[PDB]
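Residue-level listing of the chains:
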Amino acid sequence: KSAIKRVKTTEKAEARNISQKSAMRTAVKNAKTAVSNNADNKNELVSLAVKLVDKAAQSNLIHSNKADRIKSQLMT
Amino acid sequence: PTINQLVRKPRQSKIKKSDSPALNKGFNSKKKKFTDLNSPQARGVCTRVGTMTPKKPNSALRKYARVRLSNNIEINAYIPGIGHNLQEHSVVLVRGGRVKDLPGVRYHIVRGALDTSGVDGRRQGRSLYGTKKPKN
Amino acid sequence: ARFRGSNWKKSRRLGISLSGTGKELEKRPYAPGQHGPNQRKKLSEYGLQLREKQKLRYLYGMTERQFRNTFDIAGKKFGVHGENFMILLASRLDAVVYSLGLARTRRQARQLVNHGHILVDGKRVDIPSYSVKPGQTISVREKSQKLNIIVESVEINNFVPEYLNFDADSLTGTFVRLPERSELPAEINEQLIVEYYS
Amino acid sequence: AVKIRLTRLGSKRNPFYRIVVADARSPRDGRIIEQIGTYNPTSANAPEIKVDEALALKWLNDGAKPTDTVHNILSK
RNA sequence: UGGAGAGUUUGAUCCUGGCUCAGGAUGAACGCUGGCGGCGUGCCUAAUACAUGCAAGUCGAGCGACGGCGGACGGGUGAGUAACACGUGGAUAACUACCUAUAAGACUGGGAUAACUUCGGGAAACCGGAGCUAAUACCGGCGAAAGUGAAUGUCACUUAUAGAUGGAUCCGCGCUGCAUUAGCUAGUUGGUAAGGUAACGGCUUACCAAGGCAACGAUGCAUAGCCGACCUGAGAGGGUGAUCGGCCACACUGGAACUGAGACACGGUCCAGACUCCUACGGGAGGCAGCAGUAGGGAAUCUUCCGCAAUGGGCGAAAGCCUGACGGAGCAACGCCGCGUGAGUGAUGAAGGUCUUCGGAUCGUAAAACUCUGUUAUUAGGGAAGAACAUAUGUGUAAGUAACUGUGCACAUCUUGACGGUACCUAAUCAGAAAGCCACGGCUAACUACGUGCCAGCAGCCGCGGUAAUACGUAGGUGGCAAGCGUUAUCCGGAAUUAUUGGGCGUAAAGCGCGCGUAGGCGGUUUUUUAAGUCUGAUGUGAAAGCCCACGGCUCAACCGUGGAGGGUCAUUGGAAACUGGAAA
Ligand SMILES: [Mg+2]
Ligand SMILES: [Mg+2]
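Method-wise, the PDB entry is recorded as coming from cryo-EM, at a reported resolution of 3.6 Å.

Going by the annotation in the PDB entry, the name recorded for chain B is 30S ribosomal protein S12, with Staphylococcus aureus given as the source organism. Listed in UniProt under the heading Sequence similarities (unreviewed entry), the comment for chain B reads: "Belongs to the universal ribosomal protein uS12 family."

By the naming in the PDB entry, chain A goes by 30S ribosomal protein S20 and is assigned to Staphylococcus aureus.

J.: Can you walk me through the overall build of chain B in this structure?
T.: What chain B contains, in helices and strands, is one helix and three strands. For chain B, the α and β elements follow one another from N to C terminus as α-β-β-β. In terms of overall dimensions, chain B is more spread out than a globule: its C-alpha atoms have a radius of gyration of 20 Å, far above the 14 Å expected for 136 residues. Taking the principal axes of its C-alpha atoms as reference, chain B extends roughly 70 × 45 × 35 Å. Partitioning the intrachain contacts of chain B with sequence separation of at least 6 by distance along the chain shows that 42% fall at a separation of at least 24.

J.: What should I look at first to understand the overall build of chain A in this one?
T.: Along chain A, the regular secondary structure elements total three helices and zero strands. Starting at the N terminus, the α and β elements of chain A follow one another as α-α-α. In terms of C-alpha radius of gyration, chain A reaches 16 Å, well past the compact-globule figure of 11 Å for 76 residues. Principal-axis analysis of the C-alpha atoms gives chain A an extent of 55 × 20 × 15 Å.

J.: How should the sheet that holds strand β2 (residues 67-69) of chain B be read in this particular structure?
T.: Through backbone hydrogen bonds, the strands of a sheet pair up, either in parallel or in antiparallel fashion. All names here are of chain B. If you trace the three strands from one edge of the open sheet to the other, you get β1-β2-β3, paired in antiparallel fashion. Among the strands making up the open sheet, the edge pair consists of β1 (44-46) and β3 (74-75). Pairing geometry for β1 and β2, over three bridges, is antiparallel. Directly across from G44, in β2, lies its bridge partner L69.

J.: Even after reading the chapter, I still don't get unusual backbone geometry, so can you show me in this structure?
T.: Backbone phi values are negative for most residues with the exception of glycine, while trans is the configuration of most peptide bonds. Its identity is not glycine, yet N72(B) carries a phi of approximately 70°, on the positive side. Inspection of the secondary structure assignment puts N72(B) in the loop between β2 and β3. In this structure, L171(C) takes a positive phi of about 65° despite not being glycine. Take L171(C): it is sitting in the loop between β3 (164-165) and β4 (173-175).

J.: Sorry if this is basic, but what is going on with the sheet that holds β3(C) here?
T.: All names here are of chain C. The sheet built from four strands is open, its strands ordered β1-β2-β4-β3 with antiparallel pairing. Edge strands, defined here as strands with exactly one partner in the open sheet, are β1 (118-119) and β3. Note that β3 and β4 share two bridges and pair antiparallel. Across the sheet, residue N165 finds its bridge partner in β4, namely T174.

J.: I would appreciate a short explanation of the pattern of salt bridges in the present structure.
T.: A pair can form between side chains of opposite charge whenever their charged atoms are brought close. Linking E52(C) and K55(C) is a salt bridge whose minimum nitrogen-to-oxygen distance equals 2.6 Å. With its nearest N and O atoms 3.4 Å apart, the salt bridge here joins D29(D) to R28(D).

J.: Honestly, the packing of aromatic side chains in this entry has me stumped. Any pointers?
T.: For any pair of aromatic rings, geometry is given as the distance between the ring centres together with the angle between the planes. Residue and element names in this part refer to chain C. Ring geometry for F67 and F85: centres 5.6 Å apart, planes at 85°, overall edge-to-face. Within this pair, whereas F67 is found in helix α4 (residues 64-71), its partner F85 is found in helix α5 (residues 85-89), the two being separated by 18 residues in sequence. Residues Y196 and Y197 carry aromatic rings whose centres are separated by 6.1 Å and whose planes lie at 65° to one another, so their mutual orientation is edge-to-face. Site record: aromatic cluster; members linked through ring pairs are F67, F71, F85, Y196 and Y197.

J.: Before we go on, may I ask you to explain the environment of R106(B) in this structure?
T.: All names here are of chain B. With respect to the helices, strands and loops of the structure, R106 is situated in the segment after β3. Along the backbone, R106 and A77 are 29 residues apart, and their C-alpha atoms lie at a distance of 5.4 Å. Contacts of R106, omitting those with residues within four sequence positions, involve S20, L23, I75, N76, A77, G96, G97 and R98.

J.: Can you walk me through the arrangement of the chains in this structure?
T.: Nowhere do chain A and chain B come into contact; their C-alpha atoms are at least 38 Å apart. Spatially, chain B is disjoint from chain C: no contact exists, and the shortest C-alpha separation is 19 Å.

J.: How should I be thinking about the environment of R13(C) in this particular structure?
T.: Residues and elements named next belong to chain C. By secondary structure assignment, the location of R13 is in the loop between α1 (9-12) and α2 (47-50). The spatial distance from the C-alpha of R13 to the C-alpha of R40 is 13 Å, given a sequence separation of 27 residues. Polar side-chain contacts of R13 include one of 2.4 Å to the backbone oxygen of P32.

J.: Quick question: what am I supposed to make of the side chain of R5(D) here?
T.: Residues and elements named next belong to chain D. Residue position: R5 is located in strand β1 (residues 3-6). A distance of 3.0 Å separates a polar atom in the side chain of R5 from the backbone oxygen of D23. Beyond its immediate sequence surroundings of up to four residues, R5 is in contact with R18, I19, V20, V21, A22, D23, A24, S26, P27 and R28.

Conventions used here
Residues numbered from 1 in each chain as written, not as in the entry; some residues may be left out. Chains lettered and ligands numbered in written order. Part of a larger assembly, values for the part shown. Heavy atoms only, no water. Residues with missing side-chain atoms left out of burial classes, pairs and counts. UniProt positions renumbered as here; feature names shortened; annotations may be inferred. Helix = DSSP H or I, 4+ residues; strand = E, 2+ residues; numbered from the N terminus. Rg over C-alpha atoms; globule rule 2.2 N^0.38 Å. Contact = heavy atoms within 4.5 Å. Pairing = 2+ DSSP bridges. Salt bridge = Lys/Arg side-chain N within 4 Å of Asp/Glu carboxyl O. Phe/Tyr/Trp six-rings, centres within 6.5 Å; stacked < 30°, edge-to-face > 60°. Polar contact = N/O pair within 3.5 Å; in protein donor to acceptor, adjacent residues only side chain to side chain.

Rendered as structure tokens:
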């Protein structure tokens, strides 16, 4: 039973990505609201952070690395 | 016939049927093995001591055993040899092959491995009847 | 697998007077058993290829499985399946022993092979159905001179083939060429043999 | 990539090999890609080493992991 | 290279025509007998609940006192699915823990916490609390980045490359029975929209749009894993799907997920159902179609075996470690093969059986003796080539700075065999322990004398049985095969008895009661093209392994080894225009 210790990573690895993912998407869900206003204040310098979390489809690899371009392919 | 027609319908060949009906197929499943296939052999359980005759011109007497097989169905039989240590509801091995000039009997009760175990009275034709001689 | 029983029923009931189960005869007016000039003589139209199948099967002492397994060894030869079968029966190690005059029957030729007293090329061959390939010789072991039964064969010369070099007392031979017919046999056609197998 | 492999064949009390190469994902008995020639384990009435290095250099270019007792063939 | 027949309707024929036998097979059963050296295959019937054992770990040159790679490979099974499941050739809309080839850069700055002692509750599965801590763990700037250790070298991190490897996907063709089943789907067919996964996508949703499929078999039922191959056959074909390989699906039942490189995960996981069983009746545990063994329906299929030395696989830089993959043994004539139970010498028909004028024959040189032999074994032992290495250490390859490192490119030589006091082989009291089984009218190979005497029977058909009867039990005799002989159920040949190779319709089985007629099938003559069929050339491919065509060797042989032939009704790549076919007169 050496997959007992594999379970303890599995309830532990859910927390890191689902925090990163839910912060990836609400930074992006507010972004297309900010891209619906386009005042260059609530959209600038966090859209590349919305692309840094779409670059954290390579850092936070729970979203797959080759799947980095499934959302970020339109705004920038 | 014509090669045009042979394209439109092939030669659906002649079906044949088994000479001995009451064995060897997947029968009638009822959430258990309610009935099954016995390709060469089976068990039995007896129901009746049999005494009968041939019917064509012949006038002898024959001793069958009307049973119920291990798959709910009803067949006659025959004991080859001399001895009869059989009574009603005793286990009998089976093996196929009908008996001519008897009107409806079906198989042969194997005289070797059953309650039909061994038949004395025979000394030369032996392994057709299950009789031993450990000297030779 | 071996045929035993030296009674003349192999010669008299078949008919041929070969050197098999007893070279002599003593109950010459009769066949074996009550089968005789008294009783039934059962002949057939398929008994003319039966008795060219049964004529050889006791000669080497071989079973039924041996002939069919040797009938299609001649199929590897460029002749037909009935043409080189007698040649492969003439090339076995057993009938070359009796051809070298080192034993006194074809059956005594199978006794002195399996018991190690006759070898091939030094290496211990103990197979009566061993095929003598061309370019090989015949050997013995070091204990083959004390035995009276080889010296029995030194007393009497038995049989000379044409496909060998003939040494009846030196106990070593030479297979110079593949045989032909009427060297080992003398009486059998290659046409009544093959018809039994169809 | 691929790993250089000896397919064991042979009856009771008598092994025998054939030099093949495939990934470890493939098993020993089958799904083998190529064969650069046979290999002869027993040395009595039989050779002891057999290889053909023509199509062996085709697999050391794209990567190959010979087992450390197979490498004694190609060191000779 | 290779291809048989016989019997039976009549008082007697020729023909049509059925039924029946001889032969080959079985991961068969069962019937009698039993010597094995050696080789293989042993749940096919209730998908009947599964005790007890072992099958997934490894790393102490991470780092403390869990952080990594592996459990997606591997080993079991056929209930499902008539389908890109599989077979076979074409196509790009995109997918790698790995493996590697060069090159880049491998910086900067932080803070939360298991194990551990106290804390309380439960019988338990164990949990809520609090002080303690590193990490190569975690975070910030068509954009992230790691360091570690015996002699800086080494070894993983990280980005873009492209090669191998690995999966995915639509497409042409091959893919069972029925028409006493003719209609069929509705997000069904299509555009458009944005969302949606590695990508295309009715892929899932929204307004419009009137289509999909089909008598060339659409839809629906029952039966089924499928190929390479196995069986039989002159071949063409028929029937089969087991060990052995490739692909596929499934895990007591029915859904759904999570981590990671590419699982909807057999041994993990949350939930719901029918079952086993314990608890303090508050709750929790259990999934041997892994390796075997027991239980269960059965006429039917085995040891609860030590073990990693060889080949293969994870992890580590190495010793090594777990390996029911496997290297092998324990058991059944289960199949083929090879082999013995002996031969050389040995007339007076010796004792003696049923037949007989028993005036007599048969087995029968058989037996009784005489003579050699000891494959085999009733006596123990020296004792495999199968083991090449790895590790370094003997000094060699460059980074030799550094043969310590990845290698071990002098050897790899102080080293590695449960099985195995095996394979082999010598020497002994001994021819002494080691042979059946079915048949014997005709077929069909093999005959006699009585008992019973249309009876106990026997039977593949003709049938032999009303007072013996060559065709029933018995002894004698013979024939067959032989460590094996018969019987059964099943399949192919016999059966030219579904006939393309290879039949038939006046009376024998069979010509619609007959016209007009749609699709369809076939179409005279001429010349000229086209190459669609057809012809041949070229390439690539239809992988091992089997049958066959050959050979060192296991003392031959069964099996292994090397070569050889064996697939196309295919795609594509050139020549020819004779007929069948579109096109001009
Ligand atoms: Mg396993
Ligand atoms: Mg095994």
